[PDB]
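> Pasting the sequence and an experimental structure:
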Amino acid sequence: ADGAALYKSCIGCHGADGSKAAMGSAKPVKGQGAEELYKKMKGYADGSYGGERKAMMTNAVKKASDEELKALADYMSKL
Ligand code: HEC
């Protein structure tokens with residue numbers, strides 16, 4: 001699959017232009033940067049980055065294999 005496909009679900013917590021209030025006050029995804037987003041999204045998928053509220057997101061992003069991980073960051077980096 002590829003990032004774009006996953007994001008469609010992600011809208012639930014991040015909104016379109018990755019800025020809605022997630023599980024409380026959270027940094028907006030809104031073009032942090034592909035580097036940042038990749039490392040953080042990778043962090044979550046791998047389980048290196050996370051926390052209580054992140055648990056849902058962790059499993060959500062966990063579905064992303066590799067193409068997906070990279071592309072999700074790339075996509076989010078222009079959103
Ligand atoms: C709520 C139910 C969420 C779902 C589903 C998804 N994310 Fe999320 N995300 C959430 C929180 C609480 C935060 C914390 C950010 C902070 O530090 O305050 C985030 C943030 C991100 C980021 C930005 C990185 C950062 O700022 O630390 C990334 C890269 C991210 N989220 C990725 C991601 C993906 C790929 C999701 C859907 C495919 C997704 N999130 C859903 C809460 C929730």
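Happy to help now that I have it. Numbering: from 1, shown residues only.
> Ignoring the adjacent residues along the chain, who's closest to residue 20?
Leaving aside its chain neighbours, residue 20 sits nearest to residue 14 (6.1 Å; criterion: C-beta to C-beta, 6 or more residues apart in numbering). Bear in mind the C-beta positions are built from the backbone N, C-alpha and C, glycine included.
> Quick one: neighbours of that neighbour, just the number.
Residue 14 has 21 neighbouring residues, counting by other C-beta atoms under 10 Å.
> all helices of the chain, in order?
3-14, 34-46, 54-62, 67-76 (DSSP state H).
> Nearest to the ligand, out of these?
Nearest of the helices of the chain to the ligand, taken as C-beta to the nearest ligand atom: helix 3-14 at 2.6 Å.
> returning to that earlier point: mind putting the helices of the chain in a markdown table, distance to the ligand included?
As requested, the helices of the chain are exported to a markdown table (distance: least, C-beta to the nearest ligand atom, whole Å):
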| stretch | distance to the ligand |
| --- | --- |
| helix 3-14 | 3 |
| helix 34-46 | 4 |
| helix 54-62 | 4 |
| helix 67-76 | 5 |
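> In JSON lines, list these along with distance to residue 21.
What follows is the helices of the chain, written out as JSON lines (distance: least, C-beta to C-beta, whole Å):
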{"stretch": "helix 3-14", "distance to residue 21": "9"}
{"stretch": "helix 34-46", "distance to residue 21": "18"}
{"stretch": "helix 54-62", "distance to residue 21": "14"}
{"stretch": "helix 67-76", "distance to residue 21": "17"}
